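The structure appears right after this line, and notes come after that.
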Amino acid sequence: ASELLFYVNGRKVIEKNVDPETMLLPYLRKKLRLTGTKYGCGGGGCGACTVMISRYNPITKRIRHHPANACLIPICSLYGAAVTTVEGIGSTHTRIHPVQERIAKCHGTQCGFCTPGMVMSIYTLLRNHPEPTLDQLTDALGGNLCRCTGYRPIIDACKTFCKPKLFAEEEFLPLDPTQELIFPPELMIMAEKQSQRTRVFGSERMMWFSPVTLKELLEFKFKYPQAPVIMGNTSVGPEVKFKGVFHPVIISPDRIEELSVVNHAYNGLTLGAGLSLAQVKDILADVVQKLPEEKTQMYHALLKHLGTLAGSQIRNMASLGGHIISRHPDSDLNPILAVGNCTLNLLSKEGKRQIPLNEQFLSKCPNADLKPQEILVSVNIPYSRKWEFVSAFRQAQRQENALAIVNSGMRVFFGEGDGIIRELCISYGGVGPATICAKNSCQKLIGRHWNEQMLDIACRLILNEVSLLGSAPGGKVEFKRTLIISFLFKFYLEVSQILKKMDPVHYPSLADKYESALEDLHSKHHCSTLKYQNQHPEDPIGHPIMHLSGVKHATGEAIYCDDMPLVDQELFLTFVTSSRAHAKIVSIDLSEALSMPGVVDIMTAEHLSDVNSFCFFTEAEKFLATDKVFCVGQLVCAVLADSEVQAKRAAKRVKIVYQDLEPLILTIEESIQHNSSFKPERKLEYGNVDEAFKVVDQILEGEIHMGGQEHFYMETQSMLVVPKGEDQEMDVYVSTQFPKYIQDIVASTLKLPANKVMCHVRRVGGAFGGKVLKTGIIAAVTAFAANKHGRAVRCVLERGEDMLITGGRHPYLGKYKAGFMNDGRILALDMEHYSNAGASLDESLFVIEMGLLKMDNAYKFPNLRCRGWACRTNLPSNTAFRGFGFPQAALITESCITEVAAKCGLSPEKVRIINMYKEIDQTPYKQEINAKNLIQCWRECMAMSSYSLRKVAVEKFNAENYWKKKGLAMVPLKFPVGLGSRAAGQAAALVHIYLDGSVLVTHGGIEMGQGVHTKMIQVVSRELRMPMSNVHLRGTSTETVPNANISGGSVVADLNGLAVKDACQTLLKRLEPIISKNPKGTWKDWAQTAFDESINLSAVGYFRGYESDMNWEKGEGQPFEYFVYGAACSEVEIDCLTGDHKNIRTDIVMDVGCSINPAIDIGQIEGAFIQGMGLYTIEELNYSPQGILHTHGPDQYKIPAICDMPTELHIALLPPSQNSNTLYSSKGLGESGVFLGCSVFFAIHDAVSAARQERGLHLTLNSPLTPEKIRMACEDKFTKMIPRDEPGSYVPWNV
Amino acid sequence: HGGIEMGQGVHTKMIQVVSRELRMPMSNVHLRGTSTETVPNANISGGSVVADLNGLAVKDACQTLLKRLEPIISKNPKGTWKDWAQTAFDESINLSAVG
Amino acid sequence: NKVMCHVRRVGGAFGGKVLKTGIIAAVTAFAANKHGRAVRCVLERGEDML
Amino acid sequence: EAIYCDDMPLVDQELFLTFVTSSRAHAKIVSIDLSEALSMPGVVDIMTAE
Ligand SMILES: Cc1cc2nc3c(=O)[nH]c(=O)nc-3n(C[C@H](O)[C@H](O)[C@H](O)COP(=O)(O)OP(=O)(O)OC[C@H]3O[C@@H](n4cnc5c(N)ncnc54)[C@H](O)[C@@H]3O)c2cc1C
Ligand SMILES: O=C(c1ccc(OCCN2CCCCC2)cc1)c1c(-c2ccc(O)cc2)sc2cc(O)ccc12
Ligand SMILES: O=C(c1ccc(OCCN2CCCCC2)cc1)c1c(-c2ccc(O)cc2)sc2cc(O)ccc12
Ligand SMILES: Nc1nc2c(c(=O)[nH]1)N[C@H]1C(S)=C(S)[C@@H](COP(=O)(O)O)O[C@H]1N2
Ligand SMILES: Nc1nc2c(c(=O)[nH]1)N[C@H]1C(S)=C(S)[C@@H](COP(=O)(O)O)O[C@H]1N2
Ligand code: MOS
Ligand code: MOS
Ligand code: FES
Ligand code: FES
């Protein structure tokens, strides 16, 4: 009946009869009402829930601070400890901590959802290293993810703690050592008492025991043999959350000294099972410094793989003993330990026992495993002998914080006087259910020498022993087979080199071209430069004004939808989704779930009666599935319960029986094959392509595939629906891009006029087009439940169900036939576009239309035919995305240009200049354009980036390196901006002036992090001639501005700015006579005089929209208002033996017109570029042949992290030009920079061609260009040597 | 509007005004309340003139909207307010007015 | 522009819900801001008449 | 079903404010003693003019 006592932000927290299942993250937000700490993914991978844990050790008299992810911490493990959140280090009503002030003022926030995690990771680092290096700060952020900023401004804020810019660094608060938080004195007293008592907590579902003595821990291990021993909960935690595991009894000890031991012996090193991985990293890093290389072989290999293991938070939570026992097949440490003669020190009531850490232990043979009543105390890792060498290798989707596809540990021992292999141990991870060893191959290699024929024999032996079925889980089978022998080759080169160093007489030397295979791709030197431009001083237009919510982002005070306080008696709604891609729902059983605790209601399609459908565009479609399902993740049931936990528990016991249906369509080609119904065609024609193909020198046929993309907004789908209690009024608070649409679908579902339903949006934590259609579906179903039961209803999706429900960017297939001259002119181009639409074709026709109107990019194709189709599949329906078809259509065009370049013997850059638009030219849709800035962006990027010089240096590197290659590429940009009609571009605003002079402004646009609200206050400040501090904005609401269009299409700030300007001018006109009589007066004087003279101080602003038109039958029109121009150059280096690659440098020039806010505009270029970079390289969605999205292990989705950012990044804004049509001659940058990411794609493509051309192979690389695709294209003796399975003889993991 | 409902039925009288001026049944109109966030600088609800003066402001906003919509009303006199409102949107005519 | 007042309906006033109402609101708002909490104030009939 | 001001639902963690009023028609406030009231259950704050 113990009490749980710990501290949060200096305040004491006591809980009586605490539920042991309580986790820290929901406890902070709901019970303590501290909503700064966010939910991001719930698996410990994104860092949005980063907090600081502080403990006091009474034996050593020292206070330790360590970061942690609150989503994995059970609060029962916090007894006597101190938590610190973002709110605990500062706020706007106390003091702003320097970390908060700088990340905000350096423009390190956009949507702000990731900021509290970034702050806590930086703050915790500074509490441990007050005078740090940049490497220490970037390592601390390795497990912190951002979708908006591109990480550059956050590194800038990190740099200021180390020793024409966008921030005044000299005005920052210095780091005050007297202001830092004090460890709660009471916790120090409790630790001094050194209690021996075992703490006990419990509920009806779980028993929790926390022994504090070794004797008690052994007693509970004996009485509850099957109970897990929780340390950091980073293996058990994710398994109970995502795999339905449940433990009725938990043993979680508290700082047992015997498990924290660190013994420096004569023969080796003994590390306790309770040490965290971060502590082991530090212990080993100290040992390798004070001991000679001869003995520290095992410790260097372990240090290598501890550097890339997850992030700083997980490393500070996870234990060494937990790592060994959990026996993950993808473990990075267990393959190294398996080859190092390590032994495990076990303990129980019976006594002590020592077992080897071998292959049988890692395979969980009960003969070589722990006994049920045994614990692991410590592990012994021996010193290495002379002539003993150990190496570790790994390859994953991303350099850091990603589970390995294959890893390995290898050890070899030579005889002093023979050079003969005496011992050899090789183990691999990620190639089976457990870590395996090649004990048979190794034993056969015993007695040989280290030379060519040993390596060739070893390869064939290894491949036979460590075999993989073509159906092996995780997929990437041919990649895994190649990596297995590629690592062996690297180990061969490593050992061959040190032997030649130690024994020059008996060994040959490495070939010069082979030596860089030993150097890994690594860099932490993140450099960058920015270039922009330079009216009264009061006028903020053109100034780098910080995001209005920047500081509130950094303090956790920004309210997102789920941060809203608990509404009285609100319920929670969760969905049961489809587990089949195309099947018949034969029956649904709700009997069990309905009877479960807290369940209020469960709704199927028949409970929604006639409001289960809604006409979004051309046809009415279901909210909930009826008799059939047409993709996984389709909504089927909606569970309504008193609490979120009760809702998810009941939803799991809803029972649905399926009967699969043919056909099962998953790919575009399957969709074309199985389709025979009429499909609406979209077509562009310019010139005469049939005539032109008879004059060209050459003809070329090619095709490229391009995968999709998850939005990965850091804030998942979130909404709160509150009925008023009168006249069926409904208030809908939802994270959406389109409040008008939420209002329509909610009112329709409730059979109400629109004046009864209002939608309010203050801010959105990222959207990128993925918070529109299905957001309304969920909002309509949630509102139906709220009205039915007269209760507020909240609905927030977890990351997993969010990715299954929402859908992502349209995958593409592009087929082209190109007729070109021998010098590069493409006189004829016959192009075909196919989009994978998913189960619904709602927004797939619009992206096809935009793809055709944008596929020309920067090139004048005199004879061009372009056609496009949207293809239905049995996959989640795909939505809009940043770019709106341009990132797909332009890559397909750039792929065709790259293929034409190969035929002509010219670099792709030369073919680009010869096909580029002229200064005055014409588009395929017969719109006249001015491309002066297109050419200028190209020239300035060539000069700024020193392309020609670096081109020679890359060719020189590739001529001197065989297993490493560098690549270089530059692509141009023409991103046109414009909607389909004038009505689609209209915007409105509402401005009040109160009698004290202050101003309230609101408009129809939505803040997603792009800073539209900041830009509107900048407009009000100029038009009304008042400082921005006199203006304020609350949010966006259908109750104040009606009939607002979707926040999207790169025009949000442009059009709403014109509406805000319109209202400000109306007010200034009314006040001109009062202005004249008192020119020296304040706005308080002018407002009061206006009231006294009966002059209205409220005005509606309105803009009718740009004139835009497109006649799709004729294929002509004036659809676009202006064009964003740009150029991007990127350089990379690839590892031909593994597929790894490093982004070395990127240079970007952008035509932005006159930037209203260069800080925000540059931040939009950086974020778009990084988002496109992930689209073309590392972001990959894996589906099974049954249509199931794979999300565990190496199938986890990876967005770019800090390690993926280019080490060098130069961005320059083109000098301004006049554009009297747009607001202040500005241009909308939001979507343009995404395509610039493919400069990395074609830089990798360049490097792959260099290796292929040198190896004599005479290339279509699909997107995303993953390490799997890079490695397999670099064909060598290993690619040819691997076994291959007959296609169709096995069911693959992926398609 | 700026007036306060304290039992005298001002809100009832305002929707009566909207019903006349816009030629629509009162069930097509709705009012939620009074807020400084929607109507600023409103005088006290007192002096026997609350319905008088706010009625003239509501009448002013209705006439501004009916002015904007007269060309659309002319071409489709038999249409509903749903038809007229959507056509106004399609022709980029503002449907919010301050009285 | 930082302070908004919302009124749906009043259960009778007859002039007696102006000046003193603002004083009570100003004092209540001071407490609410001082403690970061929402604050409710309702008067009983006796103290109301005083 | 008509919502008057006090009919609004309990908002999360809201407090309540009540007033101590004068019992004299014309006098001077010699002293105010809050020691007992401040220590009583639930009391968050007591505010005087200063
Ligand atoms: C986001 C994320 C990223 C990751 N990335 C990587 C990665 O890149 N590479 C990698 O190799 N791993 C990775 N991991 C896995 C991680 O290294 C392990 O989950 C961790 O080391 C397990 O230690 P723990 O203390 O969290 O164990 P727990 O989850 O607390 O326990 C796991 C198991 O160990 C048992 N156990 C623990 N201590 C003892 C003991 N003394 N005696 C007996 N049994 C014991 C428990 O009973 C339980 O069965 C990642 C995990 C996460 C969540
Ligand atoms: O016994 C040898 C050895 C034997 C013959 C060698 O000949 C080198 C090639 N030779 C050059 C002169 C003309 C004939 C060919 C070299 C090393 C040892 C080694 C070796 C290395 C590579 C290889 O492919 C085979 C063996 S390594 C070694 C270590 C020792 O302590 C003792 C002997 C050795
Ligand atoms: O902007 C639209 C939209 C606009 C007009 C439409 O017209 C449909 C035809 N209908 C005819 C009768 C009058 C009303 C319109 C459809 C969608 C988008 C949507 C919408 C808006 C309102 C609504 O009630 C339902 C759906 S959903 C959507 C997703 C996008 O990615 C882009 C635009 C959109
Ligand atoms: N931080 C952030 N930036 C963003 C987005 C977002 O969700 N978050 N959305 C992008 C998309 S899809 C569009 S269309 C534009 C919309 O705003 P704008 O028109 O003012 O650029 O912002 C872009 N930039
Ligand atoms: N039911 C009701 N009627 C009422 C009042 C009231 O509080 N309740 N106030 C009176 C007062 S003080 C005035 S000044 C007027 C204000 O509204 P009117 O201007 O529309 O008459 O309503 C009068 N009638
Ligand atoms: O245009 Mo951005 O909303 S897909
Ligand atoms: O005129 Mo009534 O507000 S006293
Ligand atoms: S790391 Fe916990 S929510 Fe992402
Ligand atoms: S600011 Fe980092 S996720 Fe948006």
Side-chain angles (χ1 to χ4, degrees), chain A residues 109-114 146-150 547 553 614-621 711-715 735-748 754 763-777 780 809-810 842-847 850 878-887 977 979-981 983-985 987 1005-1016 1043-1057 1124 1156-1157 1160-1161 1163-1168 1171 1223 1226-1234, chain B residues 82-83 85-87 89-90:
Chain A
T109 91
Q110 287 189 23
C111 81
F113 209 72
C114 77
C146 183
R147 195 53 153 167
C148 300
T149 63
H547 196 295
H553 295 153
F614 183 76
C615 193
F616 310 87
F617 305 95
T618 67
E619 29 169 3
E621 335 182 34
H711 305 90
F712 223 103
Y713 32 67
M714 219 64 34
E715 175 193 43
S735 190
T736 181
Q737 289 168 265
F738 205 173
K740 195 259 178 175
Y741 158 66
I742 307 303
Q743 177 185 23
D744 289 355
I745 197 185
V746 166
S748 162
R763 63 167 61 76
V764 170
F768 314 101
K771 281 175 179 171
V772 183
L773 214 82
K774 258 154 195 333
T775 308
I777 301 270
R809 194 194 287 288
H810 285 89
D842 274 335
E843 19 207 353
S844 313
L845 177 87
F846 304 168
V847 314
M850 279 312 155
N878 285 319
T879 68
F881 212 121
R882 216 170 171 183
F884 212 153
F886 182 66
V977 176
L979 301 326
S981 82
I1006 296 284
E1007 176 63 43
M1008 316 158 205
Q1010 84 278 46
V1012 60
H1013 290 344
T1014 298
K1015 281 177 175 159
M1016 302 299 102
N1043 316 322
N1045 277 307
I1046 187 173
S1047 275
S1050 288
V1051 294
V1052 164
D1054 213 302
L1055 305 170
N1056 281 288
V1124 176
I1156 299 179
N1157 190 314
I1160 285 165
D1161 292 329
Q1164 287 288 298
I1165 292 166
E1166 292 176 310
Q1171 217 164 42
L1223 175 76
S1226 69
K1227 287 182 175 181
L1229 309 74
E1231 299 182 284
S1232 353
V1234 171
Chain B
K82 190 180 143 130
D83 296 339
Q86 186 73 237
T87 302
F89 185 83
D90 295 358

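Any value given below was found using the heavy atoms of this structure, including those in side chains, with hydrogens, waters and symmetry copies removed. Every number for a ligand or one of its atoms is a count from 1 in the order of the listing. Order of the sequence lines sets the chain letters (A, B, ...), proteins ahead of strands, with each chain counted from 1.
At least one heavy atom of A:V1051 sits under 4.0 Å from some atom of ligand 4. Using a 4.0 angstrom heavy-atom cutoff, A:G1049 counts as in contact with ligand 4. The closest approach between any non-hydrogen atom of A:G883 and ligand 6 is not below 4.0 Å. Using a non-hydrogen distance threshold of 4.0 Å, A:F846 does not register as a contact of ligand 3.
Against a heavy-atom cut-off of under 4.0 Å, A:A1053 is close to the following atoms of ligand 4: 20 (O). Residue-ligand proximity, A:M1008 to ligand 4, at heavy-atom distances under 4.0 Å covers atoms 1 (N), 2 (C), 6 (C), 7 (O), 8 (N), 9 (N). Less than 4.0 angstrom separates some heavy atom of A:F616 from each of these atoms of ligand 3: 16 (C), 17 (C), 25 (C), 26 (C). Close contacts between ligand 6 and A:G1049 involve ligand atoms 1 (O), 2 (Mo), 3 (O) [criterion: under 4.0 Å to a heavy atom]. Close approach of ligand 6 to A:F881 is summarised as follows: ligand atoms under 4.0 Å from at least one heavy atom of the residue are 4 (S). Those atoms of ligand 3 that come under 4.0 Å of a heavy atom in A:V772, given as number and element, are 29 (C). Residue contact check: A:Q737 has heavy atoms under 4.0 Å from atoms 3 (O) of ligand 6. Shown in contact with A:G769 at under 4.0 Å from a heavy atom are these atoms of ligand 6, numbered in order with element: 4 (S). Residue-ligand proximity, A:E1231 to ligand 6, at heavy-atom distances under 4.0 Å covers atoms 1 (O), 2 (Mo). Of all atoms in ligand 4, numbered sequentially from 1 with element shown, those under 4.0 Å from a heavy atom of A:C148 are 1 (N). In the vicinity of A:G1048, heavy-atom distances shorter than 4.0 Å reach the ligand 4 atoms 14 (S). Near A:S1047, meaning under 4.0 Å from any of its heavy atoms, are these atoms of ligand 6: 3 (O).
Under 4.0 angstrom from ligand 3, there are no non-hydrogen atoms of A:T879.
Around atom 3 (O) of ligand 6, the closest heavy atom drawn from A:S1050, A:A767, A:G1048 belongs to A:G1048.
Residue A:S1047 has no N or O atom closer than 3.5 Å to an N or O atom of ligand 4. An N or O contact shorter than 3.5 Å links A:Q110 to ligand 4 by distance.
In terms of modelled atom types and a separation under 3.5 Å, the side chain of A:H711 and the main chain of A:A880 share a donor-acceptor contact. In this structure a side-chain-to-backbone donor-acceptor pair under 3.5 Å is missing from A:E1007 to A:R763.
Given atom 22 (C) of ligand 3, the protein heavy atom at minimum distance is A:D744 OD2, 3.5 Å. Protein heavy atom closest to atom 13 (C) of ligand 4, with residue, atom name and distance, is A:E1231 CG, 4.3 Å. Among protein heavy atoms, the minimum distance from atom 1 (O) of ligand 3 is reached at A:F738 CE1, 3.6 Å. Looking only at protein heavy atoms, the nearest one to atom 28 (C) of ligand 3 is A:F617 CZ, 3.4 Å. In terms of protein heavy atoms, atom 30 (C) of ligand 3 is closest to A:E843 OE1, 3.4 Å. For atom 14 (C) of ligand 3, the closest heavy atom belonging to the protein is B:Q86 NE2, 3.5 Å.
No side-chain donor-acceptor contact under 3.5 Å links A:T879 and A:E843. Residues A:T109 and A:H547 bring no donor and acceptor atom of their side chains to less than 3.5 Å of each other.
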